[PDB]
file structure11.pdb (PDB, C-alpha atoms and all ligand atoms)
ATOM      1  CA  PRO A   1     126.733  90.351 111.488
ATOM      2  CA  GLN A   2     125.648  93.923 110.699
ATOM      3  CA  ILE A   3     123.405  94.148 107.646
ATOM      4  CA  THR A   4     122.840  97.394 105.748
ATOM      5  CA  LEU A   5     119.769  97.983 103.618
ATOM      6  CA  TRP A   6     121.159  99.250 100.300
ATOM      7  CA  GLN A   7     120.329  95.817  98.909
ATOM      8  CA  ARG A   8     117.762  93.276 100.043
ATOM      9  CA  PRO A   9     118.804  91.775 103.378
ATOM     10  CA  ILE A  10     119.020  88.241 102.055
ATOM     11  CA  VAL A  11     120.545  85.496 104.191
ATOM     12  CA  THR A  12     121.201  81.807 103.664
ATOM     13  CA  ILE A  13     119.000  79.539 105.717
ATOM     14  CA  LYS A  14     118.996  75.798 106.128
ATOM     15  CA  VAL A  15     115.618  74.124 106.591
ATOM     16  CA  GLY A  16     114.822  70.424 106.164
ATOM     17  CA  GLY A  17     118.417  69.853 105.062
ATOM     18  CA  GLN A  18     118.072  72.286 102.142
ATOM     19  CA  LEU A  19     120.015  75.530 101.707
ATOM     20  CA  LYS A  20     117.737  78.409 100.629
ATOM     21  CA  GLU A  21     117.880  82.194 100.431
ATOM     22  CA  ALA A  22     115.508  84.186 102.632
ATOM     23  CA  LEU A  23     114.637  87.834 103.222
ATOM     24  CA  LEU A  24     114.928  89.353 106.694
ATOM     25  CA  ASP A  25     111.639  91.234 106.999
ATOM     26  CA  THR A  26     110.972  93.315 110.124
ATOM     27  CA  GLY A  27     107.509  94.097 108.744
ATOM     28  CA  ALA A  28     106.464  90.460 108.973
ATOM     29  CA  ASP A  29     105.107  89.032 112.239
ATOM     30  CA  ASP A  30     105.669  85.488 110.992
ATOM     31  CA  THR A  31     108.059  83.461 108.832
ATOM     32  CA  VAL A  32     106.622  82.479 105.426
ATOM     33  CA  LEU A  33     108.355  79.959 103.170
ATOM     34  CA  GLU A  34     107.837  78.947  99.549
ATOM     35  CA  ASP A  35     106.179  75.539  99.129
ATOM     36  CA  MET A  36     108.322  72.688 100.469
ATOM     37  CA  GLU A  37     107.955  69.483 102.442
ATOM     38  CA  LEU A  38     108.017  69.785 106.233
ATOM     39  CA  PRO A  39     107.444  67.089 108.878
ATOM     40  CA  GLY A  40     104.457  66.719 111.184
ATOM     41  CA  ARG A  41     100.939  68.084 111.096
ATOM     42  CA  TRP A  42      99.905  71.520 109.889
ATOM     43  CA  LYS A  43      97.105  73.912 110.840
ATOM     44  CA  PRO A  44      95.268  76.480 108.723
ATOM     45  CA  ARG A  45      96.159  80.151 108.946
ATOM     46  CA  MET A  46      95.354  83.287 106.994
ATOM     47  CA  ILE A  47      97.877  86.116 106.887
ATOM     48  CA  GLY A  48      97.688  89.622 105.496
ATOM     49  CA  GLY A  49     100.210  91.314 103.243
ATOM     50  CA  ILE A  50     100.133  94.506 101.205
ATOM     51  CA  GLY A  51      98.145  92.769  98.470
ATOM     52  CA  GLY A  52      95.563  91.198 100.759
ATOM     53  CA  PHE A  53      95.099  87.908 102.580
ATOM     54  CA  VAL A  54      96.637  84.502 101.762
ATOM     55  CA  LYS A  55      95.858  81.026 103.124
ATOM     56  CA  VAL A  56      98.969  79.296 104.463
ATOM     57  CA  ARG A  57      99.899  76.034 106.172
ATOM     58  CA  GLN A  58     101.267  76.487 109.689
ATOM     59  CA  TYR A  59     103.948  74.098 110.917
ATOM     60  CA  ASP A  60     105.220  74.403 114.489
ATOM     61  CA  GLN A  61     108.661  73.863 116.086
ATOM     62  CA  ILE A  62     110.613  73.657 112.841
ATOM     63  CA  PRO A  63     114.402  73.949 113.150
ATOM     64  CA  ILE A  64     116.111  76.392 110.795
ATOM     65  CA  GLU A  65     119.761  77.455 110.713
ATOM     66  CA  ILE A  66     120.082  81.142 109.888
ATOM     67  CA  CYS A  67     123.706  82.159 109.257
ATOM     68  CA  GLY A  68     124.747  79.187 111.371
ATOM     69  CA  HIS A  69     122.496  80.109 114.302
ATOM     70  CA  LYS A  70     119.951  77.478 115.256
ATOM     71  CA  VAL A  71     116.392  78.693 115.805
ATOM     72  CA  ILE A  72     113.250  76.582 116.260
ATOM     73  CA  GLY A  73     109.791  77.958 115.649
ATOM     74  CA  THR A  74     106.654  78.391 113.626
ATOM     75  CA  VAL A  75     106.871  78.497 109.836
ATOM     76  CA  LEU A  76     104.029  79.265 107.437
ATOM     77  CA  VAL A  77     104.092  77.725 103.950
ATOM     78  CA  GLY A  78     102.192  79.216 101.042
ATOM     79  CA  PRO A  79     102.205  81.589  98.046
ATOM     80  CA  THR A  80     104.930  84.174  98.560
ATOM     81  CA  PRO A  81     107.223  86.317  96.389
ATOM     82  CA  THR A  82     110.165  84.869  98.323
ATOM     83  CA  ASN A  83     111.179  83.130 101.556
ATOM     84  CA  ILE A  84     110.554  85.604 104.408
ATOM     85  CA  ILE A  85     112.086  85.478 107.886
ATOM     86  CA  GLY A  86     109.774  87.358 110.245
ATOM     87  CA  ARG A  87     110.052  88.696 113.781
ATOM     88  CA  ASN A  88     109.143  85.354 115.354
ATOM     89  CA  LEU A  89     112.526  84.004 114.248
ATOM     90  CA  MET A  90     114.457  87.262 114.220
ATOM     91  CA  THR A  91     113.829  87.598 117.963
ATOM     92  CA  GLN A  92     115.400  84.150 118.444
ATOM     93  CA  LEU A  93     118.446  85.543 116.646
ATOM     94  CA  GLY A  94     118.587  88.515 119.013
ATOM     95  CA  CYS A  95     118.260  90.632 115.880
ATOM     96  CA  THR A  96     117.714  94.378 116.380
ATOM     97  CA  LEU A  97     117.142  97.472 114.218
ATOM     98  CA  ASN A  98     119.762 100.152 114.815
ATOM     99  CA  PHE A  99     120.086 103.774 113.723
TER     100      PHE A  99
ATOM    101  CA  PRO B   1     117.922 104.014 118.769
ATOM    102  CA  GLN B   2     118.156 100.253 119.015
ATOM    103  CA  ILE B   3     114.781  98.657 118.360
ATOM    104  CA  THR B   4     114.140  95.053 119.391
ATOM    105  CA  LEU B   5     111.606  93.016 117.482
ATOM    106  CA  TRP B   6     109.363  91.573 120.202
ATOM    107  CA  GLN B   7     106.683  93.928 118.858
ATOM    108  CA  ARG B   8     106.088  95.537 115.470
ATOM    109  CA  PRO B   9     108.705  98.278 114.956
ATOM    110  CA  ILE B  10     106.267 101.155 114.588
ATOM    111  CA  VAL B  11     107.424 104.793 114.429
ATOM    112  CA  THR B  12     105.902 108.273 114.011
ATOM    113  CA  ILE B  13     106.380 109.994 110.654
ATOM    114  CA  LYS B  14     105.495 113.379 109.203
ATOM    115  CA  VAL B  15     104.693 113.466 105.487
ATOM    116  CA  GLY B  16     102.836 115.940 103.282
ATOM    117  CA  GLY B  17     101.986 117.922 106.402
ATOM    118  CA  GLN B  18     100.347 114.878 108.009
ATOM    119  CA  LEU B  19     101.474 113.022 111.147
ATOM    120  CA  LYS B  20     101.149 109.234 110.929
ATOM    121  CA  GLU B  21     102.370 105.932 112.280
ATOM    122  CA  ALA B  22     104.299 103.587 110.023
ATOM    123  CA  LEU B  23     105.996 100.205 110.144
ATOM    124  CA  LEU B  24     109.759  99.893 109.630
ATOM    125  CA  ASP B  25     110.027  97.082 107.097
ATOM    126  CA  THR B  26     113.455  95.831 106.052
ATOM    127  CA  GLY B  27     111.824  93.465 103.584
ATOM    128  CA  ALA B  28     110.108  96.196 101.555
ATOM    129  CA  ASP B  29     112.076  97.594  98.591
ATOM    130  CA  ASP B  30     109.876 100.683  98.633
ATOM    131  CA  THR B  31     107.920 102.903 100.982
ATOM    132  CA  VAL B  32     104.146 102.545 100.624
ATOM    133  CA  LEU B  33     101.648 104.739 102.449
ATOM    134  CA  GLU B  34      97.861 104.495 102.751
ATOM    135  CA  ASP B  35      96.022 106.577 100.118
ATOM    136  CA  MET B  36      96.608 110.315 100.496
ATOM    137  CA  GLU B  37      97.296 113.461  98.495
ATOM    138  CA  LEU B  38     100.933 114.301  97.774
ATOM    139  CA  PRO B  39     102.301 117.263  95.768
ATOM    140  CA  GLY B  40     103.629 116.852  92.247
ATOM    141  CA  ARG B  41     103.102 114.562  89.289
ATOM    142  CA  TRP B  42     102.836 110.806  89.774
ATOM    143  CA  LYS B  43     103.141 107.608  87.738
ATOM    144  CA  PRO B  44     100.995 104.466  88.177
ATOM    145  CA  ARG B  45     102.761 101.315  89.350
ATOM    146  CA  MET B  46     101.856  97.829  90.420
ATOM    147  CA  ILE B  47     103.871  96.508  93.353
ATOM    148  CA  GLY B  48     103.840  92.937  94.566
ATOM    149  CA  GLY B  49     103.833  91.512  98.042
ATOM    150  CA  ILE B  50     102.128  88.917 100.169
ATOM    151  CA  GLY B  51      98.515  88.672  99.034
ATOM    152  CA  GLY B  52      99.251  89.820  95.503
ATOM    153  CA  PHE B  53      99.750  93.160  93.754
ATOM    154  CA  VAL B  54      98.553  96.631  94.686
ATOM    155  CA  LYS B  55      98.021  99.566  92.343
ATOM    156  CA  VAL B  56      99.865 102.607  93.629
ATOM    157  CA  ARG B  57     100.724 106.181  92.692
ATOM    158  CA  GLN B  58     104.466 106.840  92.624
ATOM    159  CA  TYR B  59     105.596 110.282  93.837
ATOM    160  CA  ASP B  60     109.257 111.251  93.557
ATOM    161  CA  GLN B  61     111.513 113.213  95.918
ATOM    162  CA  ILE B  62     109.042 113.383  98.789
ATOM    163  CA  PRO B  63     110.442 114.630 102.105
ATOM    164  CA  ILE B  64     109.506 112.460 105.098
ATOM    165  CA  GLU B  65     110.488 113.066 108.700
ATOM    166  CA  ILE B  66     110.986 109.793 110.617
ATOM    167  CA  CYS B  67     111.690 109.987 114.360
ATOM    168  CA  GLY B  68     112.849 113.559 113.805
ATOM    169  CA  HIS B  69     115.212 112.784 110.926
ATOM    170  CA  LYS B  70     114.429 114.320 107.528
ATOM    171  CA  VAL B  71     114.841 111.967 104.585
ATOM    172  CA  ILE B  72     113.939 112.222 100.900
ATOM    173  CA  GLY B  73     112.843 109.506  98.505
ATOM    174  CA  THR B  74     110.198 107.973  96.298
ATOM    175  CA  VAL B  75     106.916 107.385  98.132
ATOM    176  CA  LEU B  76     104.188 105.088  96.846
ATOM    177  CA  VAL B  77     100.578 105.682  97.815
ATOM    178  CA  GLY B  78      97.670 103.226  97.532
ATOM    179  CA  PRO B  79      95.329 100.854  99.342
ATOM    180  CA  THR B  80      97.967  99.184 101.544
ATOM    181  CA  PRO B  81      96.491  97.983 104.854
ATOM    182  CA  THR B  82      99.260  99.792 106.759
ATOM    183  CA  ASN B  83     101.867 102.537 106.277
ATOM    184  CA  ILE B  84     105.210 100.904 105.515
ATOM    185  CA  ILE B  85     108.650 102.504 105.504
ATOM    186  CA  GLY B  86     110.885 100.573 103.113
ATOM    187  CA  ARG B  87     114.620 100.240 102.486
ATOM    188  CA  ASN B  88     114.677 103.259 100.176
ATOM    189  CA  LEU B  89     114.129 105.494 103.204
ATOM    190  CA  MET B  90     115.650 103.310 105.956
ATOM    191  CA  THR B  91     119.097 103.548 104.341
ATOM    192  CA  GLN B  92     118.853 107.330 104.572
ATOM    193  CA  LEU B  93     118.425 106.971 108.324
ATOM    194  CA  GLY B  94     121.545 104.809 108.538
ATOM    195  CA  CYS B  95     119.439 101.888 109.713
ATOM    196  CA  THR B  96     121.060  98.438 110.001
ATOM    197  CA  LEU B  97     120.007  94.976 111.146
ATOM    198  CA  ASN B  98     122.325  93.508 113.768
ATOM    199  CA  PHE B  99     122.581  90.036 115.313
TER     200      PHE B  99
HETATM  201  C1  LIG C 101     104.392  88.250 105.633
HETATM  202  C2  LIG C 101     103.605  89.527 105.439
HETATM  203  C3  LIG C 101     104.603  90.624 105.308
HETATM  204  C4  LIG C 101     104.101  92.041 105.117
HETATM  205  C5  LIG C 101     103.151  92.481 106.199
HETATM  206  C6  LIG C 101     102.589  93.874 105.960
HETATM  207  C7  LIG C 101     101.562  94.189 107.021
HETATM  208  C8  LIG C 101     101.978  94.501 108.309
HETATM  209  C9  LIG C 101     101.042  94.786 109.302
HETATM  210  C10 LIG C 101      99.692  94.768 108.984
HETATM  211  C11 LIG C 101      99.264  94.467 107.695
HETATM  212  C12 LIG C 101     100.201  94.175 106.706
HETATM  213  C13 LIG C 101     105.380  92.851 105.081
HETATM  214  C14 LIG C 101     106.058  92.888 103.750
HETATM  215  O1  LIG C 101     107.371  93.261 103.803
HETATM  216  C15 LIG C 101     105.418  92.632 102.588
HETATM  217  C16 LIG C 101     106.079  92.731 101.170
HETATM  218  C17 LIG C 101     107.442  92.093 100.998
HETATM  219  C18 LIG C 101     107.399  90.668 101.435
HETATM  220  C19 LIG C 101     106.089  94.179 100.633
HETATM  221  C20 LIG C 101     105.989  95.289 101.459
HETATM  222  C21 LIG C 101     106.006  96.583 100.932
HETATM  223  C22 LIG C 101     106.143  96.796  99.565
HETATM  224  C23 LIG C 101     106.234  95.686  98.717
HETATM  225  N1  LIG C 101     106.361  95.822  97.270
HETATM  226  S1  LIG C 101     107.870  96.042  96.647
HETATM  227  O2  LIG C 101     107.816  96.401  95.249
HETATM  228  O3  LIG C 101     108.501  97.154  97.323
HETATM  229  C24 LIG C 101     108.701  94.505  96.971
HETATM  230  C25 LIG C 101     108.457  93.400  96.148
HETATM  231  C26 LIG C 101     109.085  92.170  96.432
HETATM  232  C27 LIG C 101     109.943  92.102  97.542
HETATM  233  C28 LIG C 101     110.604  90.801  97.894
HETATM  234  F1  LIG C 101     111.818  90.930  98.432
HETATM  235  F2  LIG C 101     109.829  90.239  98.816
HETATM  236  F3  LIG C 101     110.585  89.963  96.869
HETATM  237  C29 LIG C 101     110.126  93.242  98.331
HETATM  238  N2  LIG C 101     109.518  94.400  98.036
HETATM  239  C30 LIG C 101     106.207  94.387  99.257
HETATM  240  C31 LIG C 101     103.993  92.274 102.697
HETATM  241  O4  LIG C 101     103.299  92.119 101.705
HETATM  242  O5  LIG C 101     103.346  92.096 103.923
END
call {"tool": "encode", "arguments": {"input": "structure11.pdb", "output": "structure tokens"}}
result
Amino acid sequence: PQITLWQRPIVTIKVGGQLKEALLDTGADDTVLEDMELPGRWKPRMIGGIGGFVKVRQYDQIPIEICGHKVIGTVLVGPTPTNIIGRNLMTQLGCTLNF
Amino acid sequence: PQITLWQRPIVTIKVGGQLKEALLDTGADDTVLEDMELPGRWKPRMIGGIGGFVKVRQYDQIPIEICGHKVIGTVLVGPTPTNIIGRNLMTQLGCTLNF
């Protein structure tokens, strides 16, 4: 699709069988999700946002459907104002910024 | 332009007579710049993101030139770790996400 920015660019994602809303965020290097159960082992990571740093759990090679497109990549789980889709997964979508 | 997302989408801006680099962030409601002087009255605000909340000064109707295009909007200033251009200005550039 083509998504304008007059409202938050929120899309429906499917992760671990669950439908969720997530924000397409070109300012985010990584994908950060609200607390949920994910399979496999996790590794520690610290990420920086406008408010400072947060400790997150890093899970690798997690499949997510974003608007019906299947992507598979790293997801970080921790305290966040909302589910955030970052550039790591937007590049798998072939997503670009256009003006 | 069409900007891919393999790297951070960073652009040159001119604001309050200062030239700076800033990150195009589709996930940010608002534009938030590192602490600086801007003309006019301001109001204090607390804005939330990853890492928590940041105290900012809100300036209204500030002209910013982004990649040569003049836009006008509210500009927040405070101790953000990076200059961020939010949706409030990206819309004025006609910027869309496409996949
Ligand atoms: C995953 C980290 C993401 C990011 C990284 C910033 C960065 C980049 C390079 C180097 C250092 C730091 C980008 C980002 O959009 C935000 C948040 C939204 C998730 C953000 C950015 C700008 C302003 C705000 N405050 S706000 O009032 O405009 C706002 C509040 C909430 C949301 C919501 F959609 F996320 F809920 C969006 N905007 C928040 C952030 O806090 O850090």
call {"tool": "resolve_selection", "arguments": {"input": "structure11.pdb", "expression": "the PyMOL selection byres (((not hetatm)) within 9 of (chain C and resi 101))", "output": "PDB file with C-alpha atoms, keeping the file's coordinate frame"}}
result
ATOM      1  CA  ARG A   8     117.762  93.276 100.043  1.00  0.00           C
ATOM      2  CA  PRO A   9     118.804  91.775 103.378  1.00  0.00           C
ATOM      3  CA  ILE A  10     119.020  88.241 102.055  1.00  0.00           C
ATOM      4  CA  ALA A  22     115.508  84.186 102.632  1.00  0.00           C
ATOM      5  CA  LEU A  23     114.637  87.834 103.222  1.00  0.00           C
ATOM      6  CA  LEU A  24     114.928  89.353 106.694  1.00  0.00           C
ATOM      7  CA  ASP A  25     111.639  91.234 106.999  1.00  0.00           C
ATOM      8  CA  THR A  26     110.972  93.315 110.124  1.00  0.00           C
ATOM      9  CA  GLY A  27     107.509  94.097 108.744  1.00  0.00           C
ATOM     10  CA  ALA A  28     106.464  90.460 108.973  1.00  0.00           C
ATOM     11  CA  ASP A  29     105.107  89.032 112.239  1.00  0.00           C
ATOM     12  CA  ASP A  30     105.669  85.488 110.992  1.00  0.00           C
ATOM     13  CA  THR A  31     108.059  83.461 108.832  1.00  0.00           C
ATOM     14  CA  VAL A  32     106.622  82.479 105.426  1.00  0.00           C
ATOM     15  CA  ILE A  47      97.877  86.116 106.887  1.00  0.00           C
ATOM     16  CA  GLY A  48      97.688  89.622 105.496  1.00  0.00           C
ATOM     17  CA  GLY A  49     100.210  91.314 103.243  1.00  0.00           C
ATOM     18  CA  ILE A  50     100.133  94.506 101.205  1.00  0.00           C
ATOM     19  CA  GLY A  51      98.145  92.769  98.470  1.00  0.00           C
ATOM     20  CA  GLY A  52      95.563  91.198 100.759  1.00  0.00           C
ATOM     21  CA  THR A  80     104.930  84.174  98.560  1.00  0.00           C
ATOM     22  CA  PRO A  81     107.223  86.317  96.389  1.00  0.00           C
ATOM     23  CA  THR A  82     110.165  84.869  98.323  1.00  0.00           C
ATOM     24  CA  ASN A  83     111.179  83.130 101.556  1.00  0.00           C
ATOM     25  CA  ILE A  84     110.554  85.604 104.408  1.00  0.00           C
ATOM     26  CA  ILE A  85     112.086  85.478 107.886  1.00  0.00           C
ATOM     27  CA  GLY A  86     109.774  87.358 110.245  1.00  0.00           C
TER      28      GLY A  86
ATOM     29  CA  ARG B   8     106.088  95.537 115.470  1.00  0.00           C
ATOM     30  CA  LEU B  23     105.996 100.205 110.144  1.00  0.00           C
ATOM     31  CA  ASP B  25     110.027  97.082 107.097  1.00  0.00           C
ATOM     32  CA  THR B  26     113.455  95.831 106.052  1.00  0.00           C
ATOM     33  CA  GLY B  27     111.824  93.465 103.584  1.00  0.00           C
ATOM     34  CA  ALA B  28     110.108  96.196 101.555  1.00  0.00           C
ATOM     35  CA  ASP B  29     112.076  97.594  98.591  1.00  0.00           C
ATOM     36  CA  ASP B  30     109.876 100.683  98.633  1.00  0.00           C
ATOM     37  CA  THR B  31     107.920 102.903 100.982  1.00  0.00           C
ATOM     38  CA  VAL B  32     104.146 102.545 100.624  1.00  0.00           C
ATOM     39  CA  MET B  46     101.856  97.829  90.420  1.00  0.00           C
ATOM     40  CA  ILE B  47     103.871  96.508  93.353  1.00  0.00           C
ATOM     41  CA  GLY B  48     103.840  92.937  94.566  1.00  0.00           C
ATOM     42  CA  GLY B  49     103.833  91.512  98.042  1.00  0.00           C
ATOM     43  CA  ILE B  50     102.128  88.917 100.169  1.00  0.00           C
ATOM     44  CA  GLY B  51      98.515  88.672  99.034  1.00  0.00           C
ATOM     45  CA  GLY B  52      99.251  89.820  95.503  1.00  0.00           C
ATOM     46  CA  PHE B  53      99.750  93.160  93.754  1.00  0.00           C
ATOM     47  CA  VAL B  54      98.553  96.631  94.686  1.00  0.00           C
ATOM     48  CA  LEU B  76     104.188 105.088  96.846  1.00  0.00           C
ATOM     49  CA  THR B  80      97.967  99.184 101.544  1.00  0.00           C
ATOM     50  CA  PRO B  81      96.491  97.983 104.854  1.00  0.00           C
ATOM     51  CA  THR B  82      99.260  99.792 106.759  1.00  0.00           C
ATOM     52  CA  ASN B  83     101.867 102.537 106.277  1.00  0.00           C
ATOM     53  CA  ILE B  84     105.210 100.904 105.515  1.00  0.00           C
ATOM     54  CA  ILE B  85     108.650 102.504 105.504  1.00  0.00           C
ATOM     55  CA  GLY B  86     110.885 100.573 103.113  1.00  0.00           C
ATOM     56  CA  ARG B  87     114.620 100.240 102.486  1.00  0.00           C
TER      57      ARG B  87
END
call {"tool": "resolve_selection", "arguments": {"input": "structure11.pdb", "expression": "the PyMOL selection byres (((chain B and resi 89) around 10) and not hetatm)", "output": "PDB file with C-alpha atoms, in the coordinates of the input"}}
result
ATOM      1  CA  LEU A   5     119.769  97.983 103.618  1.00  0.00           C
ATOM      2  CA  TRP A   6     121.159  99.250 100.300  1.00  0.00           C
TER       3      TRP A   6
ATOM      4  CA  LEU B  24     109.759  99.893 109.630  1.00  0.00           C
ATOM      5  CA  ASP B  29     112.076  97.594  98.591  1.00  0.00           C
ATOM      6  CA  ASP B  30     109.876 100.683  98.633  1.00  0.00           C
ATOM      7  CA  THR B  31     107.920 102.903 100.982  1.00  0.00           C
ATOM      8  CA  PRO B  63     110.442 114.630 102.105  1.00  0.00           C
ATOM      9  CA  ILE B  64     109.506 112.460 105.098  1.00  0.00           C
ATOM     10  CA  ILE B  66     110.986 109.793 110.617  1.00  0.00           C
ATOM     11  CA  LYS B  70     114.429 114.320 107.528  1.00  0.00           C
ATOM     12  CA  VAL B  71     114.841 111.967 104.585  1.00  0.00           C
ATOM     13  CA  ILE B  72     113.939 112.222 100.900  1.00  0.00           C
ATOM     14  CA  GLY B  73     112.843 109.506  98.505  1.00  0.00           C
ATOM     15  CA  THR B  74     110.198 107.973  96.298  1.00  0.00           C
ATOM     16  CA  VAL B  75     106.916 107.385  98.132  1.00  0.00           C
ATOM     17  CA  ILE B  85     108.650 102.504 105.504  1.00  0.00           C
ATOM     18  CA  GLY B  86     110.885 100.573 103.113  1.00  0.00           C
ATOM     19  CA  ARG B  87     114.620 100.240 102.486  1.00  0.00           C
ATOM     20  CA  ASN B  88     114.677 103.259 100.176  1.00  0.00           C
ATOM     21  CA  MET B  90     115.650 103.310 105.956  1.00  0.00           C
ATOM     22  CA  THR B  91     119.097 103.548 104.341  1.00  0.00           C
ATOM     23  CA  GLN B  92     118.853 107.330 104.572  1.00  0.00           C
ATOM     24  CA  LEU B  93     118.425 106.971 108.324  1.00  0.00           C
ATOM     25  CA  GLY B  94     121.545 104.809 108.538  1.00  0.00           C
ATOM     26  CA  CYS B  95     119.439 101.888 109.713  1.00  0.00           C
TER      27      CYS B  95
END
call {"tool": "residues_around", "arguments": {"input": "structure11.pdb", "residues": "residue A:18", "least_positions_apart": "4", "cutoff": "12 Å", "atoms": "only C-alpha atoms", "output": "PyMOL selection string"}}
result
chain A and resi 12-14+36-38+63-66
call {"tool": "write_last_selection", "arguments": {"input": "structure11.pdb", "atoms": "C-alpha atoms", "output": "PDB file, in the frame of the given file"}}
result
ATOM      1  CA  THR A  12     121.201  81.807 103.664  1.00  0.00           C
ATOM      2  CA  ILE A  13     119.000  79.539 105.717  1.00  0.00           C
ATOM      3  CA  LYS A  14     118.996  75.798 106.128  1.00  0.00           C
ATOM      4  CA  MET A  36     108.322  72.688 100.469  1.00  0.00           C
ATOM      5  CA  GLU A  37     107.955  69.483 102.442  1.00  0.00           C
ATOM      6  CA  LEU A  38     108.017  69.785 106.233  1.00  0.00           C
ATOM      7  CA  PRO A  63     114.402  73.949 113.150  1.00  0.00           C
ATOM      8  CA  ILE A  64     116.111  76.392 110.795  1.00  0.00           C
ATOM      9  CA  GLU A  65     119.761  77.455 110.713  1.00  0.00           C
ATOM     10  CA  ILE A  66     120.082  81.142 109.888  1.00  0.00           C
TER      11      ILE A  66
END
call {"tool": "atom_distance", "arguments": {"input": "structure11.pdb", "atom1": "atom CA of residue A:67", "atom2": "atom CA of residue B:11"}}
result
28.4 Å
call {"tool": "calpha_fit_and_write", "arguments": {"input": "structure11.pdb", "fixed": "chain B", "moving": "chain A", "output": "short mmCIF file (atom, residue, chain, number, x, y, z; two decimals) with C-alpha atoms, in the coordinates of the input"}}
result
data_model
loop_
_atom_site.label_atom_id
_atom_site.label_comp_id
_atom_site.auth_asym_id
_atom_site.auth_seq_id
_atom_site.Cartn_x
_atom_site.Cartn_y
_atom_site.Cartn_z
CA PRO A 1 117.53 104.44 118.46
CA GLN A 2 117.72 100.64 118.81
CA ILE A 3 114.43 98.92 118.02
CA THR A 4 113.65 95.37 119.15
CA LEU A 5 111.10 93.20 117.39
CA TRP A 6 108.90 91.87 120.21
CA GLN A 7 106.28 94.33 119.01
CA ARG A 8 105.76 95.87 115.59
CA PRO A 9 108.55 98.35 114.85
CA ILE A 10 106.23 101.32 114.52
CA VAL A 11 107.65 104.83 114.29
CA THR A 12 106.11 108.28 114.01
CA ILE A 13 106.61 109.92 110.66
CA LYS A 14 105.73 113.37 109.43
CA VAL A 15 104.68 113.68 105.79
CA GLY A 16 102.84 116.61 104.19
CA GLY A 17 102.62 118.25 107.61
CA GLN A 18 100.71 115.30 109.08
CA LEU A 19 101.92 113.03 111.89
CA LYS A 20 101.30 109.34 111.09
CA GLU A 21 102.43 105.95 112.38
CA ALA A 22 104.45 103.74 110.04
CA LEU A 23 105.97 100.26 110.09
CA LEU A 24 109.69 99.77 109.50
CA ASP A 25 109.71 96.89 107.02
CA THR A 26 113.05 95.45 105.87
CA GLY A 27 111.14 93.13 103.55
CA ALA A 28 109.84 96.04 101.50
CA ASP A 29 111.95 97.52 98.68
CA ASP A 30 109.79 100.64 98.63
CA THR A 31 107.80 102.90 100.96
CA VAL A 32 104.01 102.49 100.66
CA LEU A 33 101.59 104.92 102.31
CA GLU A 34 97.85 104.84 102.89
CA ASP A 35 95.88 107.17 100.61
CA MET A 36 96.71 110.84 101.19
CA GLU A 37 97.32 114.01 99.22
CA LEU A 38 100.86 114.59 97.96
CA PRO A 39 102.19 117.38 95.71
CA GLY A 40 103.35 117.07 92.11
CA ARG A 41 102.78 114.48 89.42
CA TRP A 42 102.56 110.74 89.94
CA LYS A 43 103.47 107.73 87.80
CA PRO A 44 101.93 104.26 87.69
CA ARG A 45 103.60 101.35 89.44
CA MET A 46 102.67 97.80 90.35
CA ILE A 47 104.20 96.20 93.43
CA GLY A 48 104.07 92.68 94.78
CA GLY A 49 103.28 91.63 98.33
CA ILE A 50 102.48 88.29 99.93
CA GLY A 51 98.90 88.49 98.68
CA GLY A 52 99.74 89.41 95.10
CA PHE A 53 100.16 92.59 93.08
CA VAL A 54 98.70 96.05 93.77
CA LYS A 55 98.55 99.17 91.58
CA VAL A 56 100.02 102.21 93.34
CA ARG A 57 100.72 105.87 92.60
CA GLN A 58 104.41 106.76 92.64
CA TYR A 59 105.44 110.19 93.87
CA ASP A 60 109.11 111.19 93.76
CA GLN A 61 111.30 113.34 96.06
CA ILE A 62 108.82 113.56 98.93
CA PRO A 63 110.22 114.81 102.25
CA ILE A 64 109.37 112.76 105.33
CA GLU A 65 110.63 113.18 108.89
CA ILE A 66 111.21 109.81 110.53
CA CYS A 67 111.95 110.15 114.26
CA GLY A 68 113.15 113.68 113.55
CA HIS A 69 115.50 112.63 110.74
CA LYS A 70 114.79 114.23 107.38
CA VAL A 71 114.74 111.90 104.38
CA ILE A 72 113.60 112.69 100.83
CA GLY A 73 112.58 110.00 98.39
CA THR A 74 110.05 107.97 96.49
CA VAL A 75 106.73 107.13 98.11
CA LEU A 76 104.05 104.82 96.71
CA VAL A 77 100.40 105.47 97.61
CA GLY A 78 97.77 102.76 97.43
CA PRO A 79 95.86 99.98 99.23
CA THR A 80 97.92 98.82 102.19
CA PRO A 81 97.30 97.29 105.63
CA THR A 82 99.35 100.14 107.10
CA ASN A 83 101.96 102.80 106.31
CA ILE A 84 105.19 100.96 105.41
CA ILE A 85 108.70 102.42 105.44
CA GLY A 86 110.84 100.37 103.07
CA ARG A 87 114.56 100.05 102.39
CA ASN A 88 114.62 103.05 100.05
CA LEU A 89 114.07 105.31 103.06
CA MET A 90 115.66 103.12 105.71
CA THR A 91 118.98 103.40 103.87
CA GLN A 92 118.69 107.20 104.09
CA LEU A 93 118.35 106.72 107.85
CA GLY A 94 121.52 104.62 107.95
CA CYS A 95 119.31 101.91 109.43
CA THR A 96 120.87 98.45 109.83
CA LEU A 97 119.80 94.98 111.01
CA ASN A 98 121.94 93.71 113.87
CA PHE A 99 122.25 90.34 115.60
#
call {"tool": "axis_aligned_box", "arguments": {"input": "structure11.pdb", "around": "stretch 61-64 of chain B", "padding_each_side": "3 Å", "output": "lines of an AutoDock Vina configuration file"}}
result
center_x = 110.3
center_y = 113.5
center_z = 100.5
size_x = 8.5
size_y = 8.2
size_z = 15.2
call {"tool": "resolve_selection", "arguments": {"input": "structure11.pdb", "expression": "the PyMOL selection byres (((chain A and resi 35) around 7) and not hetatm)", "output": "VMD selection string"}}
result
chain A and resid 33 to 34 36 77 to 78
call {"tool": "write_last_selection", "arguments": {"input": "structure11.pdb", "atoms": "C-alpha atoms", "output": "compact mmCIF listing (two decimals), in the coordinates of the input"}}
result
# COMPACT_ATOMS: atom_id res chain seq x y z
CA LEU A 33 108.36 79.96 103.17
CA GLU A 34 107.84 78.95 99.55
CA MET A 36 108.32 72.69 100.47
CA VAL A 77 104.09 77.72 103.95
CA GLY A 78 102.19 79.22 101.04
